[PDB]
There are 2 protein chains.
Amino acid sequence: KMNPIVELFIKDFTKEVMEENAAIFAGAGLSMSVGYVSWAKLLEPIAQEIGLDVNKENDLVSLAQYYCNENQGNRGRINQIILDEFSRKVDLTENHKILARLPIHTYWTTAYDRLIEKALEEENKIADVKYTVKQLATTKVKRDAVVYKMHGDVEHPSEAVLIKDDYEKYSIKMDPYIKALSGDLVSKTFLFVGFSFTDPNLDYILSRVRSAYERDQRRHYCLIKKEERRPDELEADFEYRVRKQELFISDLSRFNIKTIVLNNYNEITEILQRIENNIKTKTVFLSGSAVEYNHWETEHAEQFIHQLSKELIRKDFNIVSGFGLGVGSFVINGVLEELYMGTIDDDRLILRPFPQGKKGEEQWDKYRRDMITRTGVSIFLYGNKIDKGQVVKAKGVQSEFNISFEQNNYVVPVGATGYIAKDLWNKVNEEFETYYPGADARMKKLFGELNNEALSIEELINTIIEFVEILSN
Amino acid sequence: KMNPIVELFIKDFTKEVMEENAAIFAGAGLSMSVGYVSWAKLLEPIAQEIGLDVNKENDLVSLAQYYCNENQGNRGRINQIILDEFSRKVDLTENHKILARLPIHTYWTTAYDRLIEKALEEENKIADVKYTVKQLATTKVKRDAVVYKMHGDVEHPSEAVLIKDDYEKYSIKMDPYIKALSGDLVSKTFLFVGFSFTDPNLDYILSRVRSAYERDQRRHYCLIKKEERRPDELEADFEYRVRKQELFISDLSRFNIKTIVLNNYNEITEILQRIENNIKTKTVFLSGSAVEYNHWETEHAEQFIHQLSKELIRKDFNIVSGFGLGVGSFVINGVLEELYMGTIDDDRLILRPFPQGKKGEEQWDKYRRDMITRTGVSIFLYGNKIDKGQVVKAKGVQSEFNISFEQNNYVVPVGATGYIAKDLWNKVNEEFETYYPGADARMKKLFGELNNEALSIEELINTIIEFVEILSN
Ligand SMILES: O=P1(O)OC[C@H]2O[C@@H](O[C@H]3[C@@H](O)[C@H](n4cnc5c4ncn4ccnc54)O[C@@H]3COP(=O)(O)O1)[C@H](O)[C@@H]2O
Ligand SMILES: O=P1(O)OC[C@H]2O[C@@H](O[C@H]3[C@@H](O)[C@H](n4cnc5c4ncn4ccnc54)O[C@@H]3COP(=O)(O)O1)[C@H](O)[C@@H]2O
């Protein structure tokens, strides 16, 4: 768990992303942990050539403009520097991979590198990268996300926005990008990551949006790390910097941009992981097959499964089922009862009955893996089939459990149902920290209660629902 | 009379202009006598601002380029300077007026002022001024001459070729003008006036034409003033400058451009006046009316007039006649005999019979003035009409003589024919210097012989022809 402000932001932004109305605004700071050297370090020889010192300079745009002025406006050196630096092959950080995995269809970047594009490519996602006005007129077919590199690309250094001339001519040359960013800011919920909010173009666009929409501006989010006490600095200077940052954050809130203050930069990764987990765990994989329903009678167990599926649908969960013999019909009935109040939404219930025959069993493993990949939580019930006239614990449920563990999915074996479910519950309780690291007391109590045969249908269903909810929320 | 080289050049260039295959290339030096201050004087504050001295500088293009470099490439100051200087209202010099009066249809100028355009306008000539690539695609209807301002216009200072950047980008931006000038240099006979041949664009174009045509380049002419001994300079430095100028002229001959060395800049005006006189005097106004042909018989005088007109046509003269009673038919017969050897060319014989009646006499004066304006030499014969049955000296011939004198036309009254012609000859001999200033001994002898009644038809005709030829040639 994190700070209550962080928890509220995580809930709100997960809600925004699940509606596919969220955009990510990534600054250069999101790529500073990857391995690219700092822009000030690159400009250090540039500053030394005009007799200045990059460490004593804070406005690097004016520094680059001075360098260009000293060379009759020529940018060849700076173009070569940025091409040499930001085109290097660097391993992607976890933040880029998580952002690629999230269902985010809009990225706006002020960085010249192609880390977002590579992260989207490695997720088998089609990325429509735009850094030219002409490129706005063409859309890639079946694209997953669109990346607006509003400061240019690394492979086109001459069109990168680096000097004051570029910023001054941006409003004329790149006006369609300004219009697109204004439309996104008024129509989408943005998350600013790695952005210092010192960009003149972004200040201009935000001021225009504020002038247009007054107090009815859309709420956006930013992630900013708190000020850290430098070794040379004194306590008074640190407190002054903290107050300055507070005034900065309250003025960004003038643009209806709420700032989340983070202790360190790894909290960005933690927040992204939490959002990804909240999105992924909303889909539950219901597994099991039952000819004999352990201690419970047939009708009682059927009603239990029906009401469990109805509660899962009611709690805004998407059920994926393999249509196991003896369990599939009743989860289908529960979903139908919950939804027919109507049509079957494709997202709420995904049914994947296994092909029957010799041909089907060849691809059964890939079918099972594809079915499980859609989910983030696996729920196992019973696990008994009939082979030679006798009830024998099934083997498909074990494969399903193995696949779920290999995909880092949460496993919720209900031991009260018995058979392979009870075996899996015993296995999980044998090594609880391996499957649920850092579990709370309530989570342990719910997991232990999952193997209670004295619970009624309602009590067991409520225990399962609460366990799945604390896993997801 | 001038130097034999100058006389040969005058003959050849008059021949070229009369064929309407001659072009004029005017440099800035042609406008330096009008009143515009020198370009070095304008750049003197410009040179002082960058710490240089315009007097110590010879390449003013590099000086302007240095000034622009010191101001981040801005040309506003130089544009304002040229607009303020070369757009002033200055009275046209005689050279521009003479060039406008000449039948020259092509001007190429490196000057930004509009003196050529104003000179063409004041002659009621339509001038098609071109200084933009687009303007080459449109032609003025019924234009008399086309002016290519290849270095830009004064009213568009930002497009003037002044700095090294303009010269370096001229070959790309103004390539159609380069092609047009190459075509004119290979298809027309140029006269370079006021041009120092230190222009990089002209050097490039001439080098390209030379590379294309080897020793078969078309001959062109230039007018260059000889070096003058400066008061501070010594004899050795003056001789060195003379030798340097001689080497400069031979190099120009490398481009098949023959240079006429002039003692002073007024010799340009003298040469232009001589060419204009040679062109204008080739048209002779034949005047007269005769009922009684003085001492000669009717048939003898008719044969004399016929052979005189035949000789005038044979000597490449264009006859303009008013179709006077008793003279017009026989000059017409002479022209027909000379030409039918065939059709009547409109230039060789212009016939302007006077309208008969009260309506005609109202416009008779303007008709006579328009008829005489086409000519440069007036020849008067006889001048006797019949009013009340008696031979009375005519009055139209006197008006024709007055109009010819008012237009500065040469008058050749033949006193042997008598009547108004004899009266006019006596009047001219009364004040010979007024009508023929600076006349030679041969001219005086011919004028005196013009009033000899002892001459035969052939002798009198030869005297008239020789007098008219020494007037023209
Ligand atoms: O029980 P298990 O071991 O694992 C159970 C899991 O598997 C999947 O459902 C089973 C099974 O109910 C279904 N099935 C239905 N009818 C027959 C049949 N399979 C073989 N038959 C021979 C004759 N009639 C049948 O075929 C799936 C594959 O077979 P297994 O994976 O071996 O089944 C679910 O997702 C369930 O979670
Ligand atoms: O002789 P002049 O004084 O001057 C002579 C000069 O003039 C022009 O030719 C005269 C004249 O030959 C012609 N003309 C012909 N027939 C008649 C007549 N004019 C009056 N008529 C009344 C009855 N029939 C006539 O009308 C031109 C105008 O009359 P004027 O100028 O008075 O003639 C030439 O260019 C000639 O050089």
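Each chain gets a letter, A, B and so on, in the order its sequence line appears, and its residues count up from 1.
- Counting heavy atoms of neighbouring residues, nucleotides and ligands inside a 6.0 Å radius, atom CG of A:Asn58 does not exceed 12 of them.
- To the nearest 0.5 Å, atoms SG (A:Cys222) and CD1 (A:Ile260) are separated by 9.0 Å.
- A salt bridge links A:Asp166 to A:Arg75: one of the charged nitrogens lies within less than 4.0 Å of a carboxylate oxygen.
- Here the side chains of A:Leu312 and A:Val331 are not in contact, with every heavy-atom distance at 4.5 Å or above.
- No donor-acceptor distance shorter than 3.5 angstrom exists from the side chain of A:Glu400 to the backbone of A:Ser287, with no hydrogens or angles considered.
- Applying side-chain contact (heavy atoms from CB on, under 4.5 Å) to A:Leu115 and the options A:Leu30, A:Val34, A:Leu99 leaves one that passes, A:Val34.
- Legend: residues meeting salt bridge (charged side-chain N to carboxylate O under 4.0 Å, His left out) with A:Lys97, ordered by chain and number and at least two apart, are A:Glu94.
- For A:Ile50, the CD1 atom counts as densely surrounded, since its 6.0 Å shell holds more than 12 non-hydrogen atoms of other residues, nucleotides or ligands.
- A:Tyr170 and A:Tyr177 have their aromatic ring centers separated by at least 6.0 angstrom.
- A donor atom on one side chain and an acceptor atom on the other are found under 3.5 Å apart for A:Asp113 and A:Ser31.
- In this structure the side chain of A:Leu308 reaches within 4.5 angstrom of the side chain of A:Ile464, judged on heavy atoms.
- A salt bridge links A:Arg77 with A:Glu49: the closest approach of a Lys/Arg side-chain nitrogen to an acidic carboxylate oxygen falls below 4.0 angstrom.
- The pair A:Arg243-A:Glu246 meets the salt-bridge criterion, with a side-chain N (NZ, NE, NH1 or NH2) lying under 4.0 Å from an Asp/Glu carboxylate O.
- Considering only heavy atoms from C-beta on, A:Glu469 comes within 4.5 Å of A:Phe317 through its side chain.
- Remark: A:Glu239 does not engage A:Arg241 in a salt bridge, criterion side-chain N to carboxylate O under 4.0 Å.
- Closest approach of A:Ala47 to A:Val54, counting heavy atoms only: CB-N, 3.6 Å.
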Mind running side-chain contact (heavy atoms from CB on, under 4.5 Å) on A:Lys282 and A:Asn318 for me, showing each step along the way? CA-CA 6 Å; A:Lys282 270 304 183 178; A:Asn318 302 10; 5.7 Å; no
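- Residues meeting the side chain to side chain contact (heavy atoms under 4.5 Å, CB included) test with A:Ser171, sequence neighbours left out: A:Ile178, A:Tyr204.
- Ring planes of A:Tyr36 and A:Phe86: perpendicular class, angle over 60° (limits at 30 and 60°).
- Classified by interplanar angle (parallel below 30°, tilted 30° to 60°, perpendicular above 60°), the ring pair A:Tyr131/A:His156 is tilted.
- Rounding to the nearest 0.5 Å gives a distance of 7.0 Å between CG of A:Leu202 and OG1 of A:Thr110.
- The pair A:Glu159-A:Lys173 counts as a salt bridge, with a side-chain nitrogen and a carboxylate oxygen less than 4.0 angstrom apart.
- For the residue pair A:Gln80 and A:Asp84, a side-chain donor N or O sits within less than 3.5 Å of a side-chain acceptor on the partner.
- At a threshold of 4.5 Å between non-hydrogen side-chain atoms, the residues A:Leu262 and A:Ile271 count as touching.
- Residue-environment remark: OH (A:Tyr167) exceeds the threshold of 12 foreign heavy atoms within 6.0 Å.
- Because its NZ or CZ atom is both nearer than 6.0 Å to the ring centre of A:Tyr221 and within 45° of the ring axis, A:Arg219 counts as a cation-pi partner of that residue.
- Formation of a donor-acceptor pair under 3.5 Å by the A:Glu466 side chain with backbone atoms of A:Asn462 is not found in this model.
- Looking at A:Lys444, its side chain does come within 3.5 Å of a backbone N or O of A:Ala439 through a donor-acceptor pair.
- Judged by a 6.0 Å distance limit and a 45° cone about the ring axis, A:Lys225 is positioned over the six-membered ring of A:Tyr265.
- Under the side chain to side chain donor-acceptor pair (under 3.5 Å) criterion, A:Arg352 pairs with no residue, sequence neighbours left out.
- For the pair A:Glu16 and A:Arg218, the tightest heavy-atom approach, listed with the atom from each and the gap, is OE1-NH2, 4.4 Å.
- For residues 22-43 of chain A, every residue pair satisfying the salt bridge (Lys or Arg N to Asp or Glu O under 4.0 Å) rule, not counting sequence neighbours, is listed here: A:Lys41-A:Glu44.
- Side chain of A:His151 to backbone of A:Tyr112: no donor-acceptor contact under 3.5 angstrom is found.
- Here the CG-NE2 distance, from A:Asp184 to A:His220, works out to 9.5 Å after rounding to the nearest 0.5 Å.
- Screening A:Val284, A:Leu349, A:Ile319 for a side-chain contact (heavy atoms from CB on, under 4.5 Å) with A:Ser309, the sole residue that qualifies is A:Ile319.
- Of the possible polar contacts, none joining the A:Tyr148 side chain to the A:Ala180 backbone as a donor-acceptor pair under 3.5 Å is found.
- Heavy-atom contacts from other residues, nucleotides or ligands closer than 6.0 Å to NZ of A:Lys179 number 12 or fewer.
- Taken to the nearest 0.5 Å, the CD atom of A:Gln273 stands 11.5 Å off from the NZ atom of A:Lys280.
- The closest donor-acceptor contact from the side chain of A:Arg88 to the backbone of A:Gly35 lies under 3.5 Å.
- Listed for the A:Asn409 side chain is a donor-acceptor partner under 3.5 Å among the backbone atoms of A:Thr375.
- Ring geometry for A:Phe401 against A:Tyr435 counts as perpendicular: the plane angle is over 60°, on a 0 to 90° scale with 30° as the lower cut.
- For A:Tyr410, the side chain to side chain donor-acceptor pair (under 3.5 Å) partners two or more places apart in sequence, or in a different chain, are A:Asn277.
- Rounding to the nearest 0.5 Å places CG of A:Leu181 at 4.0 Å from CD1 of A:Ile205.
- Between the side chain of A:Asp144 and the main chain of A:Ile126, a donor-acceptor pair closer than 3.5 Å is present.
- Screening A:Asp128, A:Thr109, A:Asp153 for a side-chain contact (heavy atoms from CB on, under 4.5 Å) involving A:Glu117 leaves a single residue, A:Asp153.
- Between the side chain of B:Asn74 and the backbone N or O of B:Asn71 there is at least one donor-acceptor pair closer than 3.5 Å.
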Where do A:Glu406 and A:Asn402 land on the side chain to side chain donor-acceptor pair (under 3.5 Å) test, with the steps shown first? CA-CA 6 Å; A:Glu406 292 173 13; A:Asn402 299 329; over 6 Å; no
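- In this structure the side chain of A:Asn3 never reaches within 4.5 angstrom of the side chain of A:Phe9, judged on heavy atoms.
- The number of heavy atoms from other shown groups lying within 6.0 Å of CE (A:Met18) is above 12.
- Residue A:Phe13 holds its CZ atom at 8.0 Å from CG of A:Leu102, rounded to the nearest 0.5 Å.
- Within the 3.5 Å criterion, the main-chain N or O of A:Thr269 finds no donor-acceptor partner in the side chain of A:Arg274.
- Under the 30°/60° scheme for interplanar angles, the aromatic rings of A:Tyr436 and A:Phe432 are found to lie parallel.
- Salt bridge annotation for A:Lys169-A:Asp165: present, with a cationic side-chain nitrogen under 4.0 angstrom from a carboxylate oxygen.
- When side chains are defined from C-beta on, A:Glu168 counts as touching A:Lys164, because their heavy atoms get closer than 4.5 Å.
- Listed by chain and residue number, A:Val209, A:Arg210, A:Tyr213, A:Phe255, A:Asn256 satisfy the side chain to side chain contact (heavy atoms under 4.5 Å, CB included) test with A:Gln217 (two or more places apart in sequence, or in another chain).
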